[PDB]
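What follows is the content of model00.cif (mmCIF, N, CA, C and O atoms and all ligand atoms).
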```
data_data
loop_
_atom_site.group_PDB
_atom_site.id
_atom_site.type_symbol
_atom_site.label_atom_id
_atom_site.label_comp_id
_atom_site.auth_asym_id
_atom_site.auth_seq_id
_atom_site.Cartn_x
_atom_site.Cartn_y
_atom_site.Cartn_z
ATOM 1 N N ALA A 1 3.091 -2.221 -3.204
ATOM 2 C CA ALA A 1 2.318 -1.357 -4.079
ATOM 3 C C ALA A 1 3.258 -0.379 -4.784
ATOM 4 O O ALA A 1 3.427 -0.441 -6.000
ATOM 5 N N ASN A 2 3.846 0.504 -3.988
ATOM 6 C CA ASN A 2 4.765 1.496 -4.520
ATOM 7 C C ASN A 2 5.395 2.273 -3.363
ATOM 8 O O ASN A 2 4.710 3.016 -2.663
ATOM 9 N N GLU A 3 6.695 2.075 -3.198
ATOM 10 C CA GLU A 3 7.425 2.749 -2.138
ATOM 11 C C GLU A 3 6.983 4.209 -2.033
ATOM 12 O O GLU A 3 6.561 4.806 -3.023
ATOM 13 N N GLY A 4 7.096 4.744 -0.826
ATOM 14 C CA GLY A 4 6.714 6.123 -0.580
ATOM 15 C C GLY A 4 5.199 6.302 -0.697
ATOM 16 O O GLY A 4 4.724 7.355 -1.119
ATOM 17 N N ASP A 5 4.481 5.255 -0.316
ATOM 18 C CA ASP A 5 3.029 5.282 -0.374
ATOM 19 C C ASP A 5 2.465 5.209 1.046
ATOM 20 O O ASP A 5 3.193 4.910 1.992
ATOM 21 N N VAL A 6 1.174 5.486 1.151
ATOM 22 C CA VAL A 6 0.505 5.455 2.441
ATOM 23 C C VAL A 6 -0.841 4.741 2.295
ATOM 24 O O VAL A 6 -1.596 5.017 1.365
ATOM 25 N N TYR A 7 -1.099 3.837 3.229
ATOM 26 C CA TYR A 7 -2.340 3.081 3.216
ATOM 27 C C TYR A 7 -3.110 3.270 4.525
ATOM 28 O O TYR A 7 -2.587 2.992 5.602
ATOM 29 N N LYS A 8 -4.341 3.742 4.387
ATOM 30 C CA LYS A 8 -5.187 3.970 5.545
ATOM 31 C C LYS A 8 -6.399 3.037 5.478
ATOM 32 O O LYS A 8 -7.010 2.882 4.422
ATOM 33 N N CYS A 9 -6.710 2.440 6.619
ATOM 34 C CA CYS A 9 -7.836 1.526 6.703
ATOM 35 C C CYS A 9 -9.115 2.353 6.842
ATOM 36 O O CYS A 9 -9.128 3.375 7.528
ATOM 37 N N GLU A 10 -10.162 1.882 6.180
ATOM 38 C CA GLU A 10 -11.444 2.565 6.221
ATOM 39 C C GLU A 10 -12.366 1.900 7.245
ATOM 40 O O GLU A 10 -13.588 1.930 7.097
ATOM 41 N N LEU A 11 -11.748 1.316 8.261
ATOM 42 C CA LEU A 11 -12.498 0.646 9.308
ATOM 43 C C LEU A 11 -12.002 1.127 10.674
ATOM 44 O O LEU A 11 -12.744 1.768 11.417
ATOM 45 N N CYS A 12 -10.752 0.800 10.962
ATOM 46 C CA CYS A 12 -10.148 1.192 12.225
ATOM 47 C C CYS A 12 -9.516 2.574 12.047
ATOM 48 O O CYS A 12 -9.717 3.464 12.873
ATOM 49 N N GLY A 13 -8.765 2.711 10.964
ATOM 50 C CA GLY A 13 -8.102 3.969 10.668
ATOM 51 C C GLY A 13 -6.583 3.829 10.783
ATOM 52 O O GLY A 13 -5.888 4.794 11.099
ATOM 53 N N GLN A 14 -6.110 2.619 10.520
ATOM 54 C CA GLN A 14 -4.686 2.340 10.590
ATOM 55 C C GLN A 14 -3.979 2.870 9.340
ATOM 56 O O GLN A 14 -4.320 2.488 8.221
ATOM 57 N N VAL A 15 -3.009 3.741 9.573
ATOM 58 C CA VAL A 15 -2.251 4.327 8.479
ATOM 59 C C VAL A 15 -0.804 3.837 8.548
ATOM 60 O O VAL A 15 -0.158 3.939 9.591
ATOM 61 N N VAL A 16 -0.336 3.315 7.424
ATOM 62 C CA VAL A 16 1.024 2.809 7.342
ATOM 63 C C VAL A 16 1.682 3.329 6.063
ATOM 64 O O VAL A 16 1.067 3.323 4.998
ATOM 65 N N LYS A 17 2.924 3.767 6.211
ATOM 66 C CA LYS A 17 3.671 4.290 5.080
ATOM 67 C C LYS A 17 4.596 3.198 4.538
ATOM 68 O O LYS A 17 5.546 2.795 5.207
ATOM 69 N N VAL A 18 4.286 2.752 3.328
ATOM 70 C CA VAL A 18 5.078 1.716 2.689
ATOM 71 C C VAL A 18 6.456 2.278 2.333
ATOM 72 O O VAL A 18 6.558 3.304 1.663
ATOM 73 N N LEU A 19 7.483 1.582 2.800
ATOM 74 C CA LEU A 19 8.849 1.999 2.540
ATOM 75 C C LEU A 19 9.529 0.970 1.634
ATOM 76 O O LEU A 19 10.634 1.200 1.146
ATOM 77 N N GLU A 20 8.839 -0.144 1.437
ATOM 78 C CA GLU A 20 9.362 -1.209 0.598
ATOM 79 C C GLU A 20 8.216 -1.959 -0.084
ATOM 80 O O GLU A 20 7.559 -2.793 0.537
ATOM 81 N N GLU A 21 8.010 -1.633 -1.352
ATOM 82 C CA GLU A 21 6.954 -2.265 -2.125
ATOM 83 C C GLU A 21 7.215 -3.769 -2.250
ATOM 84 O O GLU A 21 8.355 -4.217 -2.132
ATOM 85 N N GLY A 22 6.140 -4.505 -2.487
ATOM 86 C CA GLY A 22 6.237 -5.948 -2.629
ATOM 87 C C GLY A 22 5.432 -6.436 -3.834
ATOM 88 O O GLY A 22 5.864 -6.284 -4.977
ATOM 89 N N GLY A 23 4.276 -7.013 -3.539
ATOM 90 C CA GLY A 23 3.407 -7.523 -4.585
ATOM 91 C C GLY A 23 2.109 -8.081 -3.996
ATOM 92 O O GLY A 23 1.672 -9.168 -4.369
ATOM 93 N N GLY A 24 1.531 -7.310 -3.087
ATOM 94 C CA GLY A 24 0.293 -7.713 -2.442
ATOM 95 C C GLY A 24 -0.477 -6.497 -1.925
ATOM 96 O O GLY A 24 -0.157 -5.361 -2.272
ATOM 97 N N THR A 25 -1.477 -6.776 -1.101
ATOM 98 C CA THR A 25 -2.295 -5.718 -0.532
ATOM 99 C C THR A 25 -2.324 -5.830 0.993
ATOM 100 O O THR A 25 -1.912 -6.844 1.554
ATOM 101 N N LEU A 26 -2.815 -4.771 1.623
ATOM 102 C CA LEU A 26 -2.902 -4.737 3.072
ATOM 103 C C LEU A 26 -4.371 -4.841 3.493
ATOM 104 O O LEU A 26 -4.994 -3.838 3.834
ATOM 105 N N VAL A 27 -4.879 -6.064 3.454
ATOM 106 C CA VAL A 27 -6.261 -6.312 3.826
ATOM 107 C C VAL A 27 -6.407 -6.180 5.343
ATOM 108 O O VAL A 27 -5.969 -7.054 6.091
ATOM 109 N N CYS A 28 -7.024 -5.082 5.754
ATOM 110 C CA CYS A 28 -7.233 -4.825 7.168
ATOM 111 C C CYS A 28 -8.740 -4.740 7.423
ATOM 112 O O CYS A 28 -9.469 -4.116 6.654
ATOM 113 N N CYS A 29 -9.160 -5.377 8.507
ATOM 114 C CA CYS A 29 -10.567 -5.381 8.873
ATOM 115 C C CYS A 29 -11.358 -6.029 7.735
ATOM 116 O O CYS A 29 -12.499 -5.652 7.474
ATOM 117 N N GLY A 30 -10.719 -6.994 7.088
ATOM 118 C CA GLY A 30 -11.349 -7.698 5.984
ATOM 119 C C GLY A 30 -11.642 -6.747 4.822
ATOM 120 O O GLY A 30 -12.510 -7.020 3.995
ATOM 121 N N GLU A 31 -10.902 -5.648 4.798
ATOM 122 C CA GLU A 31 -11.072 -4.654 3.752
ATOM 123 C C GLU A 31 -9.709 -4.151 3.271
ATOM 124 O O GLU A 31 -8.893 -3.697 4.072
ATOM 125 N N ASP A 32 -9.504 -4.249 1.966
ATOM 126 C CA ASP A 32 -8.254 -3.810 1.369
ATOM 127 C C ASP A 32 -8.033 -2.330 1.689
ATOM 128 O O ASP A 32 -8.818 -1.478 1.274
ATOM 129 N N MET A 33 -6.963 -2.070 2.424
ATOM 130 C CA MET A 33 -6.629 -0.707 2.804
ATOM 131 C C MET A 33 -6.636 0.219 1.586
ATOM 132 O O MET A 33 -6.326 -0.208 0.475
ATOM 133 N N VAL A 34 -6.992 1.470 1.837
ATOM 134 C CA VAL A 34 -7.043 2.461 0.775
ATOM 135 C C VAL A 34 -5.726 3.238 0.745
ATOM 136 O O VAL A 34 -4.974 3.230 1.718
ATOM 137 N N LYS A 35 -5.487 3.891 -0.383
ATOM 138 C CA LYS A 35 -4.272 4.671 -0.553
ATOM 139 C C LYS A 35 -4.573 6.142 -0.260
ATOM 140 O O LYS A 35 -5.691 6.607 -0.478
ATOM 141 N N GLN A 36 -3.555 6.834 0.230
ATOM 142 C CA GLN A 36 -3.695 8.244 0.554
ATOM 143 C C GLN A 36 -2.826 9.093 -0.374
ATOM 144 O O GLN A 36 -2.701 8.792 -1.561
ATOM 145 N N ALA B 1 -0.164 -2.924 17.469
ATOM 146 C CA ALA B 1 0.942 -2.548 16.606
ATOM 147 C C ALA B 1 1.682 -1.358 17.221
ATOM 148 O O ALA B 1 2.894 -1.414 17.422
ATOM 149 N N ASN B 2 0.922 -0.311 17.502
ATOM 150 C CA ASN B 2 1.490 0.890 18.090
ATOM 151 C C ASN B 2 2.419 1.560 17.076
ATOM 152 O O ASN B 2 3.277 0.904 16.487
ATOM 153 N N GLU B 3 2.216 2.857 16.901
ATOM 154 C CA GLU B 3 3.023 3.623 15.967
ATOM 155 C C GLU B 3 4.505 3.288 16.149
ATOM 156 O O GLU B 3 4.886 2.657 17.134
ATOM 157 N N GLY B 4 5.301 3.725 15.185
ATOM 158 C CA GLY B 4 6.732 3.480 15.226
ATOM 159 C C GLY B 4 7.036 1.986 15.106
ATOM 160 O O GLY B 4 7.874 1.459 15.836
ATOM 161 N N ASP B 5 6.339 1.345 14.179
ATOM 162 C CA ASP B 5 6.524 -0.079 13.954
ATOM 163 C C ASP B 5 6.653 -0.341 12.453
ATOM 164 O O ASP B 5 6.380 0.540 11.639
ATOM 165 N N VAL B 6 7.069 -1.557 12.130
ATOM 166 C CA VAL B 6 7.237 -1.946 10.741
ATOM 167 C C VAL B 6 6.608 -3.324 10.522
ATOM 168 O O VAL B 6 6.634 -4.171 11.413
ATOM 169 N N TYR B 7 6.059 -3.505 9.330
ATOM 170 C CA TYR B 7 5.425 -4.765 8.982
ATOM 171 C C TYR B 7 5.940 -5.287 7.640
ATOM 172 O O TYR B 7 5.808 -4.616 6.617
ATOM 173 N N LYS B 8 6.517 -6.479 7.686
ATOM 174 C CA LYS B 8 7.053 -7.098 6.486
ATOM 175 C C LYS B 8 6.229 -8.341 6.147
ATOM 176 O O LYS B 8 5.941 -9.157 7.021
ATOM 177 N N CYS B 9 5.871 -8.446 4.875
ATOM 178 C CA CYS B 9 5.085 -9.577 4.409
ATOM 179 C C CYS B 9 6.028 -10.764 4.202
ATOM 180 O O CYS B 9 7.136 -10.600 3.693
ATOM 181 N N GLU B 10 5.553 -11.932 4.607
ATOM 182 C CA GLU B 10 6.339 -13.147 4.473
ATOM 183 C C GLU B 10 5.976 -13.873 3.175
ATOM 184 O O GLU B 10 6.070 -15.097 3.098
ATOM 185 N N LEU B 11 5.570 -13.087 2.189
ATOM 186 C CA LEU B 11 5.192 -13.640 0.899
ATOM 187 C C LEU B 11 5.881 -12.846 -0.212
ATOM 188 O O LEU B 11 6.726 -13.379 -0.930
ATOM 189 N N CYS B 12 5.495 -11.583 -0.320
ATOM 190 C CA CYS B 12 6.065 -10.710 -1.332
ATOM 191 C C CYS B 12 7.313 -10.047 -0.747
ATOM 192 O O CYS B 12 8.344 -9.959 -1.414
ATOM 193 N N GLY B 13 7.181 -9.599 0.492
ATOM 194 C CA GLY B 13 8.286 -8.947 1.174
ATOM 195 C C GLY B 13 8.057 -7.437 1.271
ATOM 196 O O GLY B 13 9.011 -6.661 1.290
ATOM 197 N N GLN B 14 6.786 -7.066 1.330
ATOM 198 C CA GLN B 14 6.420 -5.664 1.424
ATOM 199 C C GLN B 14 6.612 -5.160 2.857
ATOM 200 O O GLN B 14 6.062 -5.730 3.798
ATOM 201 N N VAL B 15 7.394 -4.098 2.976
ATOM 202 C CA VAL B 15 7.666 -3.511 4.277
ATOM 203 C C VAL B 15 6.974 -2.149 4.373
ATOM 204 O O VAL B 15 7.155 -1.295 3.506
ATOM 205 N N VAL B 16 6.195 -1.990 5.433
ATOM 206 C CA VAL B 16 5.475 -0.747 5.652
ATOM 207 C C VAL B 16 5.649 -0.313 7.110
ATOM 208 O O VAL B 16 5.536 -1.131 8.022
ATOM 209 N N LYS B 17 5.917 0.972 7.283
ATOM 210 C CA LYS B 17 6.106 1.525 8.613
ATOM 211 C C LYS B 17 4.793 2.143 9.096
ATOM 212 O O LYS B 17 4.312 3.117 8.520
ATOM 213 N N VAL B 18 4.249 1.550 10.148
ATOM 214 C CA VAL B 18 3.000 2.029 10.715
ATOM 215 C C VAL B 18 3.188 3.464 11.212
ATOM 216 O O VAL B 18 4.068 3.732 12.027
ATOM 217 N N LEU B 19 2.346 4.349 10.698
ATOM 218 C CA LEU B 19 2.408 5.750 11.079
ATOM 219 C C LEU B 19 1.323 6.040 12.118
ATOM 220 O O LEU B 19 1.515 6.869 13.006
ATOM 221 N N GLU B 20 0.207 5.342 11.972
ATOM 222 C CA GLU B 20 -0.910 5.514 12.886
ATOM 223 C C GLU B 20 -1.520 4.157 13.240
ATOM 224 O O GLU B 20 -2.380 3.652 12.519
ATOM 225 N N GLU B 21 -1.052 3.604 14.349
ATOM 226 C CA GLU B 21 -1.542 2.315 14.807
ATOM 227 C C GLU B 21 -3.065 2.248 14.675
ATOM 228 O O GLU B 21 -3.724 3.275 14.525
ATOM 229 N N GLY B 22 -3.579 1.029 14.735
ATOM 230 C CA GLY B 22 -5.012 0.814 14.624
ATOM 231 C C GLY B 22 -5.394 -0.590 15.097
ATOM 232 O O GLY B 22 -4.542 -1.470 15.192
ATOM 233 N N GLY B 23 -6.678 -0.755 15.381
ATOM 234 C CA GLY B 23 -7.184 -2.036 15.841
ATOM 235 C C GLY B 23 -7.486 -2.963 14.661
ATOM 236 O O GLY B 23 -8.626 -3.383 14.473
ATOM 237 N N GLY B 24 -6.444 -3.253 13.897
ATOM 238 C CA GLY B 24 -6.582 -4.122 12.741
ATOM 239 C C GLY B 24 -5.233 -4.720 12.339
ATOM 240 O O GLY B 24 -4.209 -4.420 12.951
ATOM 241 N N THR B 25 -5.273 -5.556 11.312
ATOM 242 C CA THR B 25 -4.066 -6.199 10.821
ATOM 243 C C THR B 25 -3.905 -5.956 9.320
ATOM 244 O O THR B 25 -4.871 -5.623 8.634
ATOM 245 N N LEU B 26 -2.679 -6.132 8.853
ATOM 246 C CA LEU B 26 -2.378 -5.937 7.444
ATOM 247 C C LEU B 26 -2.204 -7.299 6.769
ATOM 248 O O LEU B 26 -1.080 -7.756 6.565
ATOM 249 N N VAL B 27 -3.333 -7.911 6.443
ATOM 250 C CA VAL B 27 -3.319 -9.211 5.796
ATOM 251 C C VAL B 27 -2.907 -9.044 4.333
ATOM 252 O O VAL B 27 -3.688 -8.560 3.516
ATOM 253 N N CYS B 28 -1.680 -9.454 4.046
ATOM 254 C CA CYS B 28 -1.154 -9.357 2.696
ATOM 255 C C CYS B 28 -0.792 -10.764 2.217
ATOM 256 O O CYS B 28 -0.200 -11.543 2.961
ATOM 257 N N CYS B 29 -1.164 -11.046 0.977
ATOM 258 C CA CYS B 29 -0.887 -12.347 0.390
ATOM 259 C C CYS B 29 -1.608 -13.411 1.218
ATOM 260 O O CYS B 29 -1.148 -14.548 1.311
ATOM 261 N N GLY B 30 -2.727 -13.005 1.801
ATOM 262 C CA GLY B 30 -3.517 -13.910 2.618
ATOM 263 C C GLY B 30 -2.754 -14.315 3.880
ATOM 264 O O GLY B 30 -3.002 -15.380 4.446
ATOM 265 N N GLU B 31 -1.842 -13.444 4.287
ATOM 266 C CA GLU B 31 -1.040 -13.699 5.472
ATOM 267 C C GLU B 31 -0.828 -12.402 6.256
ATOM 268 O O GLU B 31 -0.329 -11.418 5.712
ATOM 269 N N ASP B 32 -1.216 -12.443 7.522
ATOM 270 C CA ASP B 32 -1.073 -11.284 8.387
ATOM 271 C C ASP B 32 0.405 -10.896 8.473
ATOM 272 O O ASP B 32 1.211 -11.629 9.043
ATOM 273 N N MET B 33 0.714 -9.743 7.897
ATOM 274 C CA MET B 33 2.081 -9.248 7.901
ATOM 275 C C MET B 33 2.712 -9.394 9.288
ATOM 276 O O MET B 33 2.023 -9.294 10.301
ATOM 277 N N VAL B 34 4.017 -9.626 9.288
ATOM 278 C CA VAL B 34 4.748 -9.786 10.533
ATOM 279 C C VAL B 34 5.417 -8.460 10.899
ATOM 280 O O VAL B 34 5.582 -7.587 10.049
ATOM 281 N N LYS B 35 5.785 -8.350 12.168
ATOM 282 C CA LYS B 35 6.433 -7.145 12.658
ATOM 283 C C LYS B 35 7.948 -7.284 12.498
ATOM 284 O O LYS B 35 8.485 -8.389 12.575
ATOM 285 N N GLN B 36 8.594 -6.149 12.278
ATOM 286 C CA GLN B 36 10.038 -6.131 12.107
ATOM 287 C C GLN B 36 10.693 -5.305 13.217
ATOM 288 O O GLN B 36 10.966 -5.821 14.299
HETATM 289 CD CD CD A 101 2.212 -9.702 0.293
HETATM 290 CD CD CD A 102 -8.402 -2.180 10.046
#
```

Starting from the coordinates I provided, produce the structure as structure tokens.
Amino acid sequence: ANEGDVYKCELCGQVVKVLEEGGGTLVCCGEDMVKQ
Amino acid sequence: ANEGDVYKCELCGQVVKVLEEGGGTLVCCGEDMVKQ
């Protein structure tokens, strides 16, 4: 997505800080993680 | 996953450092990201 970003799941509540962007999404709990 | 972990996609190559573990997975590119 964009280095130095954070993605939090709106289901479990998993938060991960992207340190290396790629070209996809973090579908967690069958739901595309949200950005913080 | 447990905090203090990293997840790299085997498609795009997106690396994200889990800040707050959770009961879910980071399905990216239709593939559950792998741990680093
Ligand atoms: Cd990906
Ligand atoms: Cd989740």

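RMSD of chain A versus chain B, all Cα atoms, in-order pairing, least-squares fit: 0.4 Å.
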
Original post:
Residues around (1.4, -3.0, -2.0), cut-off 8 Å, counting all atoms listed in the file - what are they as a PyMOL selection string?
Top reply: (chain A and resi 1-3+18+20-26) or (chain B and resi 14-15)

At most 4.5 Å from ligand CD 102 (chain A) (all atoms listed in the file): residue list as an mmCIF file with N, CA, C and O atoms, in the coordinates of the input:
```
data_model
loop_
_atom_site.group_PDB
_atom_site.id
_atom_site.type_symbol
_atom_site.label_atom_id
_atom_site.label_comp_id
_atom_site.auth_asym_id
_atom_site.auth_seq_id
_atom_site.Cartn_x
_atom_site.Cartn_y
_atom_site.Cartn_z
ATOM 1 N N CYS A 12 -10.752 0.800 10.962
ATOM 2 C CA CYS A 12 -10.148 1.192 12.225
ATOM 3 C C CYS A 12 -9.516 2.574 12.047
ATOM 4 O O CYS A 12 -9.717 3.464 12.873
ATOM 5 N N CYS A 28 -7.024 -5.082 5.754
ATOM 6 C CA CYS A 28 -7.233 -4.825 7.168
ATOM 7 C C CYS A 28 -8.740 -4.740 7.423
ATOM 8 O O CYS A 28 -9.469 -4.116 6.654
ATOM 9 N N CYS A 29 -9.160 -5.377 8.507
ATOM 10 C CA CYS A 29 -10.567 -5.381 8.873
ATOM 11 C C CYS A 29 -11.358 -6.029 7.735
ATOM 12 O O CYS A 29 -12.499 -5.652 7.474
ATOM 13 N N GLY B 24 -6.444 -3.253 13.897
ATOM 14 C CA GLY B 24 -6.582 -4.122 12.741
ATOM 15 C C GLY B 24 -5.233 -4.720 12.339
ATOM 16 O O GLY B 24 -4.209 -4.420 12.951
#
```

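Of the listed residues (B:19, B:30, B:35, B:4), B:19 comes nearest to chain A; the distances count only C-alpha atoms.
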
Original post:
Where in chain B does DSSP assign strand (DSSP E), given as a PyMOL selection string?
Top reply: chain B and resi 5-8+15-20+27-28+31-32+34-35

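Of note, atom C of residue 8 of chain B and atom O of residue 7 of chain A are spaced 14.4 Å apart.
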
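Here the question is which of A:27, A:11, A:16, A:6 gets nearest to ligand CD 101 (chain A) using only C-alpha atoms and all ligand atoms, and that residue is A:27.
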
Subject >> Atom-to-atom span, atom CA of residue 33 of chain A and atom CA of residue 36 of chain B, Å >> reply: 19.8 Å

Subject >> Separation of atom O of residue 5 of chain B from atom CA of residue 13 of chain A in Å >> reply: 14.9 Å

Padded axis-aligned box of segment 31-36 of chain B (4 Å per side), centre and edge lengths, Å, one decimal, as JSON:
```
{"center_x": 4.6, "center_y": -9.5, "center_z": 9.3, "size_x": 20.8, "size_y": 16.4, "size_z": 18.0}
```

Expected file content for segment 5-31 of chain A, C-alpha atoms, as an mmCIF file, in the first residue's frame:
```cif
data_model
loop_
_atom_site.group_PDB
_atom_site.id
_atom_site.type_symbol
_atom_site.label_atom_id
_atom_site.label_comp_id
_atom_site.auth_asym_id
_atom_site.auth_seq_id
_atom_site.Cartn_x
_atom_site.Cartn_y
_atom_site.Cartn_z
ATOM 1 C CA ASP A 5 1.421 2.646 7.021
ATOM 2 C CA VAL A 6 -0.730 0.815 9.540
ATOM 3 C CA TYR A 7 -3.549 -1.631 8.909
ATOM 4 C CA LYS A 8 -6.052 -2.619 11.569
ATOM 5 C CA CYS A 9 -8.632 -5.358 11.155
ATOM 6 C CA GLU A 10 -12.228 -4.441 11.900
ATOM 7 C CA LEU A 11 -12.971 -7.958 13.083
ATOM 8 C CA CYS A 12 -10.261 -9.326 15.345
ATOM 9 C CA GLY A 13 -8.314 -6.107 15.749
ATOM 10 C CA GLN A 14 -5.000 -7.115 14.222
ATOM 11 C CA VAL A 15 -2.766 -4.113 13.651
ATOM 12 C CA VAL A 16 0.283 -4.355 11.421
ATOM 13 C CA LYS A 17 2.688 -1.626 10.380
ATOM 14 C CA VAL A 18 3.689 -1.944 6.744
ATOM 15 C CA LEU A 19 7.421 -1.442 6.371
ATOM 16 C CA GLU A 20 7.565 -2.579 2.764
ATOM 17 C CA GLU A 21 4.802 -1.726 0.322
ATOM 18 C CA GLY A 22 3.884 -4.221 -2.373
ATOM 19 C CA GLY A 23 0.776 -4.282 -4.531
ATOM 20 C CA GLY A 24 -2.057 -5.980 -2.682
ATOM 21 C CA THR A 25 -4.311 -5.846 0.357
ATOM 22 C CA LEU A 26 -4.431 -7.483 3.767
ATOM 23 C CA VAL A 27 -7.732 -9.336 3.702
ATOM 24 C CA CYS A 28 -8.227 -10.437 7.289
ATOM 25 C CA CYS A 29 -11.345 -12.138 8.596
ATOM 26 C CA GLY A 30 -12.567 -12.049 5.016
ATOM 27 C CA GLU A 31 -12.446 -8.276 5.298
#
```
